[PDB]
Amino acid sequence: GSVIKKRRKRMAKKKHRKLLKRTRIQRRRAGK
Amino acid sequence: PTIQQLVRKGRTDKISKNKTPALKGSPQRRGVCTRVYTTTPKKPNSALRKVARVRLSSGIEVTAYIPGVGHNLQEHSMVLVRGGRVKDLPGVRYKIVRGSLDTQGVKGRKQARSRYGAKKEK
Amino acid sequence: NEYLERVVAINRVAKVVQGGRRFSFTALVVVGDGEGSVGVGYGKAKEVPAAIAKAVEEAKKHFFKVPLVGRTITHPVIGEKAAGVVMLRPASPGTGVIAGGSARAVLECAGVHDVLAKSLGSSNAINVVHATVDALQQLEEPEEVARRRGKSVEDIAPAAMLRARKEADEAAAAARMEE
Amino acid sequence: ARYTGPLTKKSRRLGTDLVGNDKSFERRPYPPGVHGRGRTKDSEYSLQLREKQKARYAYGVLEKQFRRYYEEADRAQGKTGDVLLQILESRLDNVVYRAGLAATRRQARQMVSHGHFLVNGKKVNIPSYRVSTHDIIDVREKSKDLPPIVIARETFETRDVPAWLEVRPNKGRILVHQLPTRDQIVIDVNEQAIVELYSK
Amino acid sequence: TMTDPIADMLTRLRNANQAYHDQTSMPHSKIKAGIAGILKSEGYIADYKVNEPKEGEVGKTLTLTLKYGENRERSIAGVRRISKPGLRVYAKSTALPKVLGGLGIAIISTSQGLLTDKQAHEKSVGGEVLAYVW
RNA sequence: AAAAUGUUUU
RNA sequence: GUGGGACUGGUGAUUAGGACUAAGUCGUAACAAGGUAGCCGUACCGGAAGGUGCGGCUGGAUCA
RNA sequence: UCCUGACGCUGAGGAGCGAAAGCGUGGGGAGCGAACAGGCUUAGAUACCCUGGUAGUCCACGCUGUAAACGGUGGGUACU
RNA sequence: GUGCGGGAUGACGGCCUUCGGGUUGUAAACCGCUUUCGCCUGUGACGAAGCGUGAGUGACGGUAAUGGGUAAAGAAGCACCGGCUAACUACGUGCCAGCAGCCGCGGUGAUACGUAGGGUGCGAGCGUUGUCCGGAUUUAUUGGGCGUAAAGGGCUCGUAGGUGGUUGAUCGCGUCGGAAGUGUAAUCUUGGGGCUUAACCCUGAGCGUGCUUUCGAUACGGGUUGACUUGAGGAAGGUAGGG
RNA sequence: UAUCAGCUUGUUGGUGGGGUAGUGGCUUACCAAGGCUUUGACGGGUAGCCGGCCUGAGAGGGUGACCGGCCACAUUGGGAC
Ligand SMILES: [Mg+2]
Ligand SMILES: [Mg+2]
Ligand SMILES: [Mg+2]
Ligand SMILES: [Mg+2]
Ligand SMILES: [Mg+2]
Ligand SMILES: [Mg+2]
Ligand SMILES: [Mg+2]
Ligand SMILES: [Mg+2]
Ligand SMILES: [Mg+2]
Ligand SMILES: [Mg+2]
Ligand SMILES: [Mg+2]
Ligand SMILES: [Mg+2]
Ligand SMILES: [Mg+2]
Ligand SMILES: [Mg+2]
Ligand SMILES: [Mg+2]
Ligand SMILES: [Mg+2]
Ligand SMILES: [Mg+2]
Ligand SMILES: [Mg+2]
Ligand SMILES: [Mg+2]
Ligand SMILES: [Mg+2]
Ligand SMILES: [Mg+2]
Ligand SMILES: [Mg+2]
Ligand SMILES: [Mg+2]
Ligand SMILES: [Mg+2]
Ligand SMILES: [Mg+2]
Ligand SMILES: [Mg+2]
Ligand SMILES: [Mg+2]
Ligand SMILES: [Mg+2]
Ligand SMILES: [Mg+2]
Ligand SMILES: [Mg+2]
Ligand SMILES: [Mg+2]
Ligand SMILES: [Mg+2]
Ligand SMILES: [Mg+2]
Ligand SMILES: [Mg+2]
Ligand SMILES: [Mg+2]
Ligand SMILES: [Mg+2]
């Protein structure tokens with residue numbers, strides 16, 4: 001493994017988790 | 001996989017991506033030129049590639065390249081659109097058939113005339 | 001001339017140095033007699049002719065006999081060196097060498113005139129050549145099969161194959177005398 | 001549907017004498033055109049294609065019909081190249097040429113298509129008529145005195161008739177003893193190369 | 001656990017032949033003894049013998065002694081199992097397999113006992129294609 | 001002991 | 001005809017991230033011990049890369 | 001030595017177990033220590049380093065069910 | 001089918017050039033021939049062993065076929081020429097105009113753009129587009145893999161399922177071998193025959209990869225049934241450990 | 001196609017009657033509580049099926065024009081004569 005693959009997946013996951021943290025309230029008001 | 005695994009769940013092929021959905025199973029489709037303009041190609045190339053947003057008769061609107069040195073078609077010009085990709089142009093998957101409907105053959109062609117709709121000259 | 005050869009592939013390899021890159025040329029040659037002895041040579045040089053000559057002279061000392069049952073392979077084989085798998089099957093006379101470029105060159109130098117060869121696995125010319133080579137080396141001539149099994153050719157091997165071998169030997173006689 | 005252009009150009013390109021001798025083929029070692037004297041690479045396709053084109057322009061057969069001949073030979077039992085050459089030789093114009101009633105295969109095609117010949121009693125004007133064994137080709141009685149016919153009657157003694165034909169020159173009658181074998185067709189192409197070509 | 005004792009016999013023979021062992025041994029079964037017998041009759045092994053148990057005192061032991069020619073040359077070019085327990089292979093009298101272009105022998109269990117392809121074809125009888133020893 | 005960066009030629 | 005559901009297409013102010021393009025701005029997080037070894041799960045924090053805690057990994061190493 | 005006499009193997013779905021962090025109720029809280037506050041360094045330092053320091057780390061009962069949960073190598077068997 | 005043979009003086013003209021020439025090119029000119037198709041004109045069917053009491057009766061149809069006449073004439077285009085891929089140069093253009101299926105080409109010496117000469121592949125076609133299969137073993141039954149390339153479930157228990165050590169007997173479901181029936185014709189493979197050849201057409205056979213019925217075989221798989229202990233589990237004794 | 005897991009109440013079976021060329025929940029009355037389904041019922045999507053056709057070394061993959069066989073339909077829905 002070149003660790004680059006893990007870094008790419010790491011950034012994608014971290015960005016999605018940040019999106020979930022910033023949109024936590026709206027999802028529980030109407031949605032998942 | 002084991003033979004029992006293949007029996008329980010067999011092989012499945014790939015999806016076989018389609019390339020020209022707007023044609024909808026037709027070799028070429030008629031359309032109207034909703035916009036005629038020029039686009040800068042992607043790098044490493046550089047030019048002013050002539051393209052047109054066309055409303056094809058399938059109801060789909062796509063960008064079509066206009067091949068050959070010379071161009072007459074303009075707004076609301078009826079064209080025939082065939083398949084064909086322009087590699088250094090993202091989002092262009094169709095070309096305009098020269099010499100058919102409103103678009104006309106390239107003026108000074110003497111070689112590969114049929115591909116540009118140029119009638120033979122005496 | 002005396003020994004028939006094909007240049008399978010040439011490649012421009014380079015070595016990076018402080019000043020820049022030191023390019024070099026590699027040559028695959030297949031040299032055979034056309035009657036059963038064949039070999040392959042790899043050549044390194046700064047120039048194409050030098051690499052080719054080095055490969056040819058290196059191949060001369062790697063000639064191995066191939067058993068031909070009358071201008072065709074004795075029996076089907078599957079060879080593989082590294083990742084280059086090559087399948088060979090005998091074919092009826094007049095079929096020709098239905099083979100890919102490198103394997104076809106190897107077979108044509110070996111003298112096989114009716115063969116069906118397929119290239120499975122990697123398509124690298126060197127590895128495909130080695131796979132064709134050991135596929136041919138896996139060939140097992142009917143007399144030595146009989147010696148292996150402690151029996152006779154008439155007891156082990158197909159009558160059609162033996163017969164075709166006799167008629168091939170007879171055309172051989174023909175050519176010889178005619179000369 | 002027939003090559004009418006120069007044949008020496010094709011012979012020079014293919015590197016071999018397609019027909020005749022003692023001619024403009026003194027410029028043989030190089031193909032026609034401005035770029036003729038340059039050194040050539042000659043791939044395997046190049047080689048194969050050259051053999052196929054040599055056969056085609058020798059026998060005056062275009063690509064579709066030559067391909068049809070190829071599948072017929074491939075289906076037939078025996079050596080595919082042998083059967084293909086046998087078919088091409090069994091063509092009627094080639095039969096007239098080999099019997100020697102024509103100076104060249106083009107002249108044979110001319111007379112055959114013009115109908116100066118009878119096949120075992122029936123008039124045939126098809127150059128591709130495949131002559132069968134024990135057949136009797138006859139010159140049309142009206143056209144027994146053609147100028148090309150009398151030239152052939154003057155010259156046939158020098159010409160060599162293959163073993164599978166018997167010719168009554170002055171009578172204009174070509175008896176087909178048997179359908180020819182590879183040893184009887186003159187070796188001037190690589191039918192094996194053609195067979196390999198039609199497999200890629 | 002053991003699933004295909006015939007495949008175990010074949011792999012024991014292959015491994016011993018590859019390692020140049022003179023003899024190989026295994027628990028005995030009737031079909032194993034038959035295959036060993038036809039291997040000997042076809043000349044792929046020097047001999048075979050069924051031994052009454054005297055070490056484990058439990059069951060018969062089938063022992064194959066192999067043959068290597070001049071300059072230590074393998075008499076077996078390979079052996080392969082065809083009719084696997086997971087997927088069984090049956091061949092008709094017309095569709096009998098050919099091994100190594102006919103040089104090798106397919107071992108076929110027919111209704112008339114174990115018979116090499118050549119034999120079966122002569123008797124026009126098919127069966128279960130056990131092995132492809134060549 | 002901390003001590004950043006290096007557009008678009010043809 | 002009346003009524004209440006099921007499924008589904010288009011569209012939607014506004015909003016979210018993705019891809020590509022200036023040869024834009026802001027830092028330098030990773031690749032060498034990348035200058036605080038990196039990464040995995042999780043947690044919180046921060047313009048942004050990221051920072052830190054807890055446990056784990058070597059796809060790190062020092063010194064043997 | 002004894003007993004049973006193929007009772008074996010694997011196992012979709014399913015079920016259980018499953019580091020640490022996290023969550024709920026209650027307890028506990030020395031040390032450590034996200035967050036946080038301050039001091040330094042710096043062009044800036046929402047960091048490294050320093051002084052403090054809350055959850056947590058601990059206990060009871062649940063929940064969560066994820067890890068580079070790695071030998072990055074599924075289980076069983078025979079042979080070399 | 002658009003011609004065939006001969007024809008060097010290797011003519012002019014294009015194009016290229018090292019200004020020597022080379023090339024188009026036996027190509028042309030020129031000479032001698034032939035008349036398929038087309039055009040003109042004559043003869044002129046089979047299909048009807050039909051039908052009709054007879055007389056009479058062919059839509060196709062003056063059709064096919066065929067005699068005569070004309071003139072070498074009325075009859076060649078399309079794509080491509082950087083590599084894969086058969087076939088190269090000059091001029092124009094100057095990351096512009098444009099090309100491209102991929103690699104890529106064009107920034108002043110472009111065999112890749114445009115034109116021209118030359119060439120190559122095909123030819124009454126030649127290209128482009130669309131779609132399918134192939135190449136692709138790139139879903140691998142034939143015929144692939146999972147330490148690091150994409151791929152071992154976090155681990156175990158266990159249900160259905162898949163799978164089964166040695167051996168006696170028996171059944172004959174799988175399996176194997178005959179027989180009968182069926183698998184229309186056409187297609188397809190192949191042997192003969194007819195259209196001037198071919199395509200096409202007729203005819204004999206094969207194929208129709210199965211199924212049903214029936215008669216056999218019992219090596220293997222399985223069912224039924226009985227043994228054996230070596231796999232597996234248990235008893236008794238011994239025993240290690242941050243389970 | 002499981003990002004459709006439950007479906008069915010003349011439904012499953014029984015007895016008597018009716019009906020029909022004819023067997024039959026085809027229909028009817030009464031009795032019983034069945035029937036189908038993770039080996040995928042029910043639902044969604046698409047589609048006339050085949051002899052064949054194309055491709056392929058084969059195994060397969062794609063397809064269902066002409067021709068030939070079966071089915072379905074004839075402005076849409078229903079109905080009988
Ligand atoms: Mg491999
Ligand atoms: Mg909107
Ligand atoms: Mg950094
Ligand atoms: Mg760092
Ligand atoms: Mg912080
Ligand atoms: Mg007992
Ligand atoms: Mg679970
Ligand atoms: Mg915890
Ligand atoms: Mg707590
Ligand atoms: Mg608390
Ligand atoms: Mg601190
Ligand atoms: Mg662990
Ligand atoms: Mg994993
Ligand atoms: Mg497991
Ligand atoms: Mg294992
Ligand atoms: Mg070339
Ligand atoms: Mg230029
Ligand atoms: Mg495939
Ligand atoms: Mg494809
Ligand atoms: Mg693979
Ligand atoms: Mg594995
Ligand atoms: Mg991986
Ligand atoms: Mg694991
Ligand atoms: Mg899980
Ligand atoms: Mg079980
Ligand atoms: Mg068993
Ligand atoms: Mg028994
Ligand atoms: Mg027929
Ligand atoms: Mg005939
Ligand atoms: Mg039939
Ligand atoms: Mg049993
Ligand atoms: Mg105990
Ligand atoms: Mg009733
Ligand atoms: Mg429909
Ligand atoms: Mg279908
Ligand atoms: Mg029909």
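Per chain, numbering begins at 1; letters A, B, ... match sequence-line order. Hydrogens, waters and symmetry mates are skipped; everything else that's a heavy atom, side chains included, is used.
- Because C1'-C2'-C3'-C4' is negative for I/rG164, its sugar is assigned to the south class.
- Pair assignment for I/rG154: H/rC17, on the basis of Watson-Crick or G-U wobble contacts that are both within less than 3.5 Å.
- If you check I/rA116 against I/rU89, you find a Watson-Crick or G-U wobble pair, both contacts below 3.5 Å.
- For E/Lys92, no side-chain nitrogen or oxygen approaches OP1 or OP2 of I/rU209 to under 4.0 Å.
- Within 4.0 Å of D/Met111, counting heavy atoms only, lies no atom of the nucleic acid at all.
- A donor-acceptor contact under 3.5 Å links the side chain of B/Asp88 to the base of I/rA100.
- Listed pair B/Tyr116 / I/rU128 fails the phosphate criterion, with no side-chain N or O lying under 4.0 Å from OP1 or OP2.
- Under a 3.5 Å cut-off, the side chain of B/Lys14 and the backbone N or O of B/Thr12 do not form any donor-acceptor pair.
- With the rule of ring centres under 5.5 Å apart and planes tilted under 30°, the neighbouring bases I/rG61 and I/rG62 are not scored as stacked.
- For D/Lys41 and I/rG83, the shortest distance from a side-chain N or O to OP1 or OP2 is not below 4.0 Å.
- The OH atom of D/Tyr69 lies 6.5 Å from the CZ atom of D/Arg130; values are rounded to the nearest 0.5 Å.
- Sparse packing is recorded around NZ of A/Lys9, with 12 or fewer heavy atoms of other residues, nucleotides or ligands lying under 6.0 Å away.
- Between I/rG118 and I/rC81, a Watson-Crick or G-U wobble pair is formed, both defining distances falling under 3.5 Å.
- Nucleotide I/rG50 is shown with a syn base, its glycosidic torsion being within 90° of 0.
- Residue note: I/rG83 shows a north-type sugar, the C1'-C2'-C3'-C4' torsion being above zero.
- Nucleotides I/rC80 and I/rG119 qualify as a pair under the Watson-Crick or G-U wobble definition, both contacts being shorter than 3.5 Å.
- Nucleotide G/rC54 has G/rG41 as its partner under the Watson-Crick or G-U criteria, with both atom distances under 3.5 Å.
- Of the side-chain N and O atoms in D/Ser128, none sit less than 4.0 angstrom from OP1 or OP2 of I/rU197.
- Distances shorter than 4.0 Å separate none of the side-chain N or O atoms of D/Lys9 from OP1 or OP2 on I/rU120.
- For the pair D/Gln53 and I/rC122, the criterion of a side-chain N or O lying under 4.0 Å from OP1 or OP2 is met.
- The base of G/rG59 sits with one of its N or O atoms less than 3.5 Å from a complementary donor or acceptor on the side chain of A/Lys6.
- With a positive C1'-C2'-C3'-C4' torsion, the sugar ring of I/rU41 falls in the north range.
- No donor-acceptor pair closer than 3.5 Å links the side chain of B/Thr38 to the backbone N or O of B/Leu48.
- Applying the Watson-Crick and G-U wobble criteria (two distances, each under 3.5 Å), G/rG24 pairs with nothing in any strand.
- As the counterpart of I/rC16, I/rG21 is assigned, both hydrogen-bonding distances of the Watson-Crick or G-U wobble pattern falling under 3.5 Å.
- The side chain of A/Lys9 contributes no N or O atom lying less than 4.0 Å from OP1 or OP2 of G/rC40.
- A cation-pi contact links D/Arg106 to D/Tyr3, judged by a cut-off of 6.0 Å to the six-membered ring centre and 45° from its axis.
- Interface remark: the B/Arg49 side chain does form a donor-acceptor pair with the I/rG98 base, using a distance-only criterion of under 3.5 Å.
- Evaluation of atom-type donor-acceptor distances gives a pair under 3.5 Å for the side chain of E/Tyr90 against the base of I/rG174.
- Stacking between I/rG44 and I/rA45 is absent, since the six-membered rings do not have centres under 5.5 Å apart together with planes under 30°.
- The shortest distance between the side-chain N/O atoms of D/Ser113 and the OP1/OP2 oxygens of I/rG1 is below 4.0 Å.
- B/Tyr116 does not carry B/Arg98 over the face of its six-membered ring by the limits of under 6.0 Å from the centre and within 45° of the normal.
- Checked by distance alone, D/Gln107 brings no side-chain donor or acceptor within 3.5 Å of a matching partner on the base of I/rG5.
- The D/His35 side chain lies nearest to I/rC88 when the options are I/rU230, I/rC88, G/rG17.
- The shortest distance between side-chain heavy atoms of E/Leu114 and E/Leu130 falls below 4.5 Å.
- Pucker annotation for I/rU230 reads south, on the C2'-endo side, since its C1'-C2'-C3'-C4' dihedral is below zero.
- Regarding contacts with the backbone of I/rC96, a side-chain N or O of B/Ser46 is found under 4.0 angstrom from either OP1 or OP2.
- Within the shown strands, nothing qualifies as a pairing partner of I/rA8 under the Watson-Crick or G-U definition with both distances less than 3.5 Å.
- Base stacking is present between I/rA73 and I/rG74; both the centre distance of their six-membered rings (under 5.5 Å) and the plane angle (under 30°) fall inside the limits.
- Going from atom CG of E/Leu115 over to atom CD1 of E/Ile38 covers 8.0 Å, rounded to the nearest 0.5 Å.
- Contact annotation: B/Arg113 reaches the phosphate of I/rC78 (side-chain N/O to OP1 or OP2, under 4.0 Å).
- I/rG77 and I/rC122 are base-paired: they meet the Watson-Crick or G-U wobble geometry, with both hydrogen-bonding distances under 3.5 Å.
- With a 3.5 Å ceiling on both atom-pair distances, the Watson-Crick or G-U wobble partner of J/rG16 is J/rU28.
- Figure legend. J/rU9 is base-paired to no nucleotide; pairs are counted as Watson-Crick or G-U wobble with both atom distances under 3.5 Å.
- Base orientation at H/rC7 is syn, since its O4'-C1' glycosidic dihedral falls within 90° of 0.
- Put simply, the side chain of B/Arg11 and the base of I/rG144 share a donor and an acceptor less than 3.5 Å apart.
- Residue E/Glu128 reaches into the minor groove of the paired bases (side-chain heavy atom under 5.0 Å from a minor-groove atom; none near the major groove).
- Which of G/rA16, I/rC122, H/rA78 sits closest to the side chain of A/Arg22 comes down to G/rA16.
- Taken to the nearest 0.5 Å, the CD1 atom of B/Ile3 stands 12.5 Å off from the CZ atom of B/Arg8.
- Applying the Watson-Crick and G-U wobble criteria (two distances, each under 3.5 Å), J/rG79 pairs with nothing in any strand.
- Between D/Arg2 and I/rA124, a side-chain N or O to OP1/OP2 separation shorter than 4.0 Å is absent.
- Closest approach to the B/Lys87 side chain among I/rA100, I/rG162, I/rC105 is made by I/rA100 (side chain taken as heavy atoms from C-beta onward).
- South is the pucker class for the sugar of I/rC19, given a negative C1'-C2'-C3'-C4' value.
- Look at J/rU38: its glycosidic torsion is within 90° of 0, and that puts it in the syn range.
- B/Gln4 has no side-chain polar atom (N or O) that falls below the 4.0 Å cut-off from OP1 or OP2 of I/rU163.
- For the pair B/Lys107 and I/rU115, the criterion of a side-chain N or O lying under 4.0 Å from OP1 or OP2 is not met.
- For D/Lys123 against I/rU196, no side-chain N or O and base N or O form a donor-acceptor pair under 3.5 Å.
- Here B/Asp13 lies in heavy-atom contact (under 4.0 Å) with sugar-phosphate atoms only.
- A sub-4.0 Å separation between OP1 or OP2 of I/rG67 and a side-chain N or O of D/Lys142 is absent.
- Without hydrogens or angle criteria, E/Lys32 side chain to E/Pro27 main chain gives a donor-acceptor distance under 3.5 Å.
- Heavy atoms of E/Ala7 sit nowhere under 4.0 angstrom from any nucleic acid atom.
- Pairing between I/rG231 and I/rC37: absent (Watson-Crick or G-U wobble, both distances under 3.5 Å).
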